[PDB]
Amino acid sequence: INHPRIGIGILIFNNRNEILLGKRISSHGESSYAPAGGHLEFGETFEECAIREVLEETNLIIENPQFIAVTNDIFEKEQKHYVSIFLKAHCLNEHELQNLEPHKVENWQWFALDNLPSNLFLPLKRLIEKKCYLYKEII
């Protein structure tokens, strides 16, 4: 069966309150921006997963991630259904940013919240336009 899956997304903030986004380039050459994150693993808390995923992807250490939002999205093309849980955290070591999954992400960069790219990964787009169940404002 094709069951709904649970994804964790992390809005990682730096000292200037910018957020980290990762550029992905598709097979059609289309670019989109996504935050850090990936699949909740069996046995994990949302906060454990967030911390682990951020470290694995970016080399950044975040602390005390805060629950922000839930989105429920079906990806038509891929026939995938994800419930995304978003959390936010400040990183402690922003100068140690490294692209640790360069086959998945072209590059990471910091963006001001008033200067986000347009082409955002669907769940993040939903979050930004508040088409989600929003616990806390991002700011």
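Just count from 1 along the sequence shown to find any residue number.
The stretch 97 to 105 shows the higher mean C-alpha B-factor when 97 to 105 is compared against 44 to 52 in the entry. Averaged over CA atoms, B-factors in the entry run higher in 108 to 116 than in the other of 83 to 91 and 108 to 116. For the set 20, 25, 127, 10, the maximum C-alpha B-factor listed in the entry falls on 25. Residue 74 sits in the highest third of its chain by CA B factor, as recorded in the PDB entry. The entry lists a Cα temperature factor for residue 29 that places it in the highest third of the chain's modelled residues.
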